[PDB]
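Below is one structure; the comments refer to it alone.
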Amino acid sequence: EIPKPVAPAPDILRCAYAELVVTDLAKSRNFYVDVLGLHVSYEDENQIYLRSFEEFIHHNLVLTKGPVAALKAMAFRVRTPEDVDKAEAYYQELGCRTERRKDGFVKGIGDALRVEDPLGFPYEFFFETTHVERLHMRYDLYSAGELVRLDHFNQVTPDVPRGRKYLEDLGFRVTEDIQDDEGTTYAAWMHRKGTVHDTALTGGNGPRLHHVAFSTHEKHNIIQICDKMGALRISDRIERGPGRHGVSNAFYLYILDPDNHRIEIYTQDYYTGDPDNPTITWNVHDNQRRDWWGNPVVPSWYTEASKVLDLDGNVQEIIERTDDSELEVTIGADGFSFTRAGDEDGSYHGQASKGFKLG
Amino acid sequence: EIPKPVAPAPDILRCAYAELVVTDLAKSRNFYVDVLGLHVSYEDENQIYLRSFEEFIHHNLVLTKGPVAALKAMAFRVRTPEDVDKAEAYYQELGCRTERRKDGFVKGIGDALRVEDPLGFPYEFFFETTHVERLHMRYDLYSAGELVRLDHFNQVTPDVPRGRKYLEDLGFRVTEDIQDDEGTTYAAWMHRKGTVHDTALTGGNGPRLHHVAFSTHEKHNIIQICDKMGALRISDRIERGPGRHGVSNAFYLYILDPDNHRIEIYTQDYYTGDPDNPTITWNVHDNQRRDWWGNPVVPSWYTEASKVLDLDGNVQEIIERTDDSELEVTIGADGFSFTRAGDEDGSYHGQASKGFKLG
Amino acid sequence: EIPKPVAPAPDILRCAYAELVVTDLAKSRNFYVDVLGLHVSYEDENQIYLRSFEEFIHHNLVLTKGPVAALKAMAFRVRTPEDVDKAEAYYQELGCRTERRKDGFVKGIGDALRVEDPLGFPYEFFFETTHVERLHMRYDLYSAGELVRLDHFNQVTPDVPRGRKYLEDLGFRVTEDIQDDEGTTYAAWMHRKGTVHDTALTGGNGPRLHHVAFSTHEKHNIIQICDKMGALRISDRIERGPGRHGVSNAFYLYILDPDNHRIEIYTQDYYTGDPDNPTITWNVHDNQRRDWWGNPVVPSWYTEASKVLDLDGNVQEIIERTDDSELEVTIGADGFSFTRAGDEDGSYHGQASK
Amino acid sequence: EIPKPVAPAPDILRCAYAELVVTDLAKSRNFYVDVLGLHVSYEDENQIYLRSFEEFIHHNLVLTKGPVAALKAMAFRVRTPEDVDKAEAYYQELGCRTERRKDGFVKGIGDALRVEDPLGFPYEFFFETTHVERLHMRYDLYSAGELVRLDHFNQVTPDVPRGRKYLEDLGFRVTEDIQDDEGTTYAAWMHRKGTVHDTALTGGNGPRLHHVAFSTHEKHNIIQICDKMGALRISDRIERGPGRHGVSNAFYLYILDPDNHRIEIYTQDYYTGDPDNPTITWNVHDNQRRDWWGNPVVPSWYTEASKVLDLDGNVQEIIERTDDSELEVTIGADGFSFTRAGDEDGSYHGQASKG
Ligand SMILES: O=S(=O)(O)c1ccc(O)c(O)c1
Ligand SMILES: O=S(=O)(O)c1ccc(O)c(O)c1
Ligand SMILES: [Ca+2]
Ligand SMILES: [Cl-]
Ligand SMILES: [Cl-]
Ligand SMILES: [Fe+2]
Ligand SMILES: [Fe+2]
Ligand SMILES: [Fe+2]
Ligand SMILES: [Fe+2]
């Protein structure tokens with residue numbers, strides 16, 4: 001277990017941006033700008049800085065050209081300048097490598113701390129950022145599929161309870177989780193900003209980045225993204241969805257960028273800001289937990305995720321999960337799922353729902 | 001091959017209602033009224049008469065208690081009383097069994113002709129019907145999933161060109177179809193009322209009734225039906241969808257009633273009323289033809305459909321399709337489909353899209 | 001009264017396009033293409049040809065540069081080539097001025113008849129048209145405010161019953177109307193294509209064109225048009241709405257183009273294709289008849305409308321309505337409306353609602 | 001000016017519920033339950049306890065039968081039980097009348113502090129509340145007009161800067177306001193929970209309660225409320241909207257309950273939780289500031305608002321605003337508004353927009 005430091009945790013506001021390394025900057029720009037409609041704050045031959053419709057900080061996504069596609073940083077904004085100092089002390093007490101840059105790692109961010117966290121993930125904490133034009137009423141620019149906010153990250157890690165405890169000490173509150181009756185946690189969701197989550201842990205080999213998620217206003221905006229991908233004849237880049245989540249109650253879609261980085265589009269989860277917010281636990285065999293309508297979860301969703309980098313820019317080595325696999329226990333050969341607890345009718349033995357099996 | 005009569009075709013307005021035989025009237029009522037929110041025009045211990053939100057004729061659906069669940073009649077309204085006489089002469093010239101009842105077969109319909117048509121289907125033609133309160137502005141009744149119109153039927157028949165020719169002579173115009181490069185037709189859609197279809201032919205063993213379809217106003221209304229079925233813990237009765245169709249461009253969902261009769265919910269197809277309306281032909285291997293987003297078509301959608309009755313109430317014998325099977329050529333072990341014609345990337349061989357094979 | 005010809009009526013499919021004369025083509029292009037997102041089928045220095053998202057015929061709207069903004073033609077598509085001959089014989093029997101151009105009046109239309117109709121309106125009938133790419137699945141082009149179909153026209157004319165009977169003889173069926181207990185007709189809606197209308201008559205001084213209407217898929221698409229006009233700081237060109245109509249039950253918005261031509265955006269009316277489709281008559285004093293939510297109808301909506309041209313391109317003289325005025329009897333000094341009939345609570349006297 | 005206490009402010013989470021006094025409990029039930037679809041947590045012959053679709057605390061609205069329709073309490077939830085102690089100390093230092101009940105004033109709330117605040121409003125602060133079934137996935141119950149959350153209160157007060165300073169000291173952050181070029185403030189919006197607001201101040205004679213606001217998921221849910229009101233032939237209880245707000249950017253509707261308490265339905269404002277969230281100031285003459293589409297604001301929206309009670313349950317006396325009136329300066333006989341700053345075209349003199 002990861003000890004609770006004596007040093008106070010930084011006051012984290014929210015997820016703020018991700019830096020993704022991409023192999024072909026022009027192909028990635030086509031995806032995030034021409035397909036998805038994100039707004040360009042800055043670009044050059046090496047990077048593209050993108051933001052959502054309602055954002056006022058400099059960016060929500062930095063695309064950085066490099067040799068190996070990977071997550072380079074997942075950044076959280078803290079409440080005050082002094083919280084960056086607290087972050088450095090906190091992670092130092094945890095025994096983690098840290099790097100501090102007074103003028104930032106990326107453009108439009110000031111004083112910033114990056115850390116190799118105890119789960120092997122590159123976290124950034126910052127307060128200072130260049131404000132830009134907030135585009136929230138620029139309906140002259142608004143797309144039929146407009147991405148309005150950055151909502152969350154989702155991380156793949158082999159030991160969910162170990163990670164959960166560490167994030168709770170850092171001040172994240174768990175809103176929902178998936179467990180079974182034999183003591184295994186498969187996934188947990190945790191927040192600072194008062195939505196279902198700012199980050200989440202998914203059980204699996206890791207550290208890897210499962211996805212970054214953006215919000216829309218309405219469900220039809222997500223439908224439009226699907227429709228547009230069909231018109232562009234890139235429906236093969238729709239991985240899973242659209243659907244209604246069980247966990248989070250959000251309407252959702254997962255798509256894959258040119259380096260196979262997974263992006264979720266998400267809308268209409270619920271308020272979690274009260275400190276005694278009720279924590280919802282789903283059983284791993286409940287076939288409504290991930291897709292409320294019971295649609296099967298494609299195997300790539302469980303197996304595939306992005307590499308993450310260390311502070312030197314090298315790929316983090318992957319540690320195998322030894323706990324039970326959500327894929328295996330639900331849709332694998334000895335898997336099981338139910339529609340109604342205790343009812344054989346609507347249950348699935350050794351295959352996925354709706355008439356499918358693993359490819 | 002079905003000859004064109006010398007007798008003039010009746011002028012058909014639209015699909016108007018279906019009579020479905022159901023085995024447990026109370027369970028069927030729970031589904032169509034309590035789950036789906038259709039409006040009761042009349043009911044007793046033997047039948048329930050149901051209509052959509054915007055309908056003014058007596059009903060769109062009659063549920064008739066009987067021993068064997070089946071389609072008993074699919075009914076089309078004709079333009080004038082005289083058109084019922086025309087239908088009788090037309091089908092008599094075709095050599096079909098007919099039955100005329102001056103006071104109707106079901107309540108709220110007057111002079112009506114039922115026929116066992118050349119494809120083995122029980123068609124009804126009528127003009128006279130009892131008008132009811134049109135509920136189109138009854139927003140005090142309006143459900144979050146409100147079904148607003150009857151849109152179409154879909155019929156399974158072994159020889160699609162044979163049926164298509166016959167329906168063309170009856171005045172239906174083909175709007176879309178699905179073919180391969182070697183001259184096999186897998187499906188066709190055809191209309192009278194100026195939408196994509198009033199009925200459609202799906203290649204397969206038949207006669208069987210594939211589905212009846214109702215419309216909603218908006219896409220979110222279809223989403224709500226899915227959400228409600230999740231809340232009722234009957235997500236196992238969601239068969240396929242929700243999705244965007246390729247053919248028709250409509251947003252859709254398929255669900256299964258207590259006797260496994262398939263119901264489609266459908267919205268936002270396009271106007272076809274001009275006589276030179278451009279026909280659209282899709283290749284059977286195009287993985288965007290049925291679901292525009294590339295989501296896989298569940299095998300049950302290809303294989304399962306309702307029995308139909310003859311005019312005595314006995315089940316019609318099934319005749320096997322000898323032309324190629326859409327299931328087998330697209331998602332079976334020797335099947336294939338593409339995202340982009342000629343492109344290996346985004347193509348699927350011997351399995352369905354998105355990472356599944358047949359269960 | 002307009003006699004019924006012995007000559008058979010042309011079989012009219014639907015409203016198909018309008019040709020509007022505009023005074024500044026570039027300003028009009030900015031409104032219809034950059035603001036509203038219509039799709040260009042052809043343009044040059046004199047004209048812009050535009051179509052909606054789901055259209056396959058050449059255009060739904062022709063903008064033609066000219067000295068005086070006006071309606072130049074409201075065009076209906078007919079079922080067959082021979083229906084253009086029928087239209088010519090029909091209007092000739094009516095005594096109307098007609099002009100036939102075997103190669104069309106505008107690009108992308110072939111053999112076409114224009115008439116000065118008995119109500120003074122420039123109608124076109126055509127079958128032949130150049131097919132174009134139907135954009136209905138081009139979601140890469142789809143706007144948050146996308147206009148998907150041309151739905152209808154609305155005509156201002158002084159005597160509604162006279163016009164109604166003429167249109168019924170042409171095969172249009174009345175779906176809804178507004179009347180009072182004294183027997184005055186204020187407005188009527190009538191169709192060929194199986195929606196609430198292809199054209200409509202509004203009682204007033206005419207001939208004038210009240211509006212041209214386009215459809216969207218959903219209500220949020222109409223909202224987005226309003227939001228976009230706010231962002232462009234042209235909210236003064238939102239005239240009325242957004243709202244729910246009583247008549248038609250459609251969700252709606254009215255906006256004004258740079259020459260003050262009124263454009264309605266409209267969605268989700270009901271099917272009318274059965275020949276005994278029930279006709280709905282509203283009372284003129286029912287404050288839910290025009291806006292179901294009881295929002296007031298601004299006077300400009302009743303009084304302002306576009307000039308129309310004759311076949312020479314000159315402005316048609318206007319005839320004053322002598323029947324009672326809907327404006328005067330509902331929101332004028334001696335007017336009134338109710339929310340619930342017979343209830344003084346929620347009634348309005350000598351003023352509009354809200 | 002209201003002094004800043006030495007005593008630390010309580011940590012306020014969010015607006016949580018309002019207690020409204022109503023005259024005919026059955027008629028109010030029909031409005032809030034049958035028309036609007038709120039969910040009953042508890043009822044008897046004296047009170048109805050209602051909650052929104054996504055709520056887990058006991059209620060968002062309490063309807064209490066009484067002789068005079070009024071706001072009895074606007075309640076904010078605080079972060080810990082100790083924050084109720086902090087609230088008590090804070091308001092006592094301000095010289096405000098307070099009353100603390102360890103077992104609450106209404107059912108489903110535990111230890112609670114009510115105060116007559118420096119602006120004359122009845123505030124409640126509480127932590128302890130009875131959890132109930134969260135209905136957020138009960139799509140078997142979901143209405144086409146479903147109200148999903150409580151969003152905010154709006155208060156009418158004569159001196160907006162005075163109130164703004166007091167609320168800032170209490171930890172609310174101003175997100176948007178309306179001012180003119182002559183030093184007058186007409187309205188301010190301020191938050192704790194990271195939306196545009198938990199409460200707002202509207203300049204006018206006060207203390208009165210302008211409205212209570214509930215959220216929907218989507219814009220069509222608000223349109224449905226309007227459509228249903230038309231079908232019920234009660235469209236005369238739609239006061240203003242539906243519309244898009246300028247301030248807040250939310251889609252909105254205002255309707256009137258049987259005692260004329262004003263309810264707003266609201267959706268799709270933006271995130272404000274960062275502490276340097278950019279403040280937006282509108283000019284009072286900007287005709288897109290309240291309705292972005294330029295639709296006129298009816299005079300009743302400016303003039304009418306609910307009485308509020310003191311801790312003894314008596315109506316607070318109304319103090320007259322002496323600052324300029326937003327009604328008068330925009331839509332009165334000497335009013336002015338503009339569509340485009342500096343453009344005579346689309347401007348309005350001595351009247352409201354749209355004719
Ligand atoms: O699945 S398809 O796109 O082929 C299709 C299109 C329209 C329908 O009504 C249908 O049932 C099926
Ligand atoms: O305002 S009305 O409800 O009378 C009306 C209904 C349908 C229309 O298309 C229209 O322009 C006007
Ligand atoms: Ca177990
Ligand atoms: Cl999931
Ligand atoms: Cl406002
Ligand atoms: Fe996620
Ligand atoms: Fe269908
Ligand atoms: Fe209209
Ligand atoms: Fe408000």
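Side-chain atoms are counted along with the backbone in the values below, which use heavy atoms only and exclude waters and symmetry mates. Both counts, for ligands and for their atoms, begin at 1 and track the order of listing. Reminder, nothing fancy here: chain letters follow the sequence lines and each chain counts from 1.
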Residue-level breakdown please: for [X] versus ligand 2, do any non-hydrogen atoms fall below 4.0 Å on the side chain, on the backbone, on both, or on neither?
| X | value |
| --- | --- |
| C:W189 | side chain |
| C:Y254 | side chain |
| C:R240 | side chain |
| C:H211 | side chain |

Q. Do B:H217 and C:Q268 have side-chain atoms, one donor and one acceptor, less than 3.5 Å apart?
A. no

**Q.** Under 3.5 Å side-chain donor-acceptor pair for C:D177 and C:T281
**A.** yes

Q.
Applying side-chain contact (heavy atoms from CB on, under 4.5 Å), can you list everything that pairs with A:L256, at least two apart in sequence or on another chain?
A. A:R237, A:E239, A:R262

Q: Decide whether a cation-pi geometry holds between B:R240 and B:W301; the criteria are a distance under 6.0 Å from NZ or CZ to the six-membered ring centre and an angle within 45° of the ring axis.
A: yes

Q: Show your reasoning for whether side-chain contact (heavy atoms from CB on, under 4.5 Å) applies to A:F76 and A:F153.
A: CA-CA 10 Å; A:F76 301 89; A:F153 313 123; 3.8 Å; yes

Q | Sphere of radius 2.8 Å around the Fe ion (ligand 6) - protein N, O or S atoms inside | A | A:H152 NE2, A:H211 NE2, A:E264 OE1

Q.
Could you tell me, atom by atom, which parts of ligand 2 come under 4.0 Å of a heavy atom of C:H152?
A. 9 (O)

Q) Would you say the ring centroid of C:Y266 lies under 6.0 angstrom from that of C:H197? A) yes

Q: Report yes if the distance between the aromatic ring centroids of A:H210 and A:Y302 is under 6.0 Å, otherwise no.
A: no

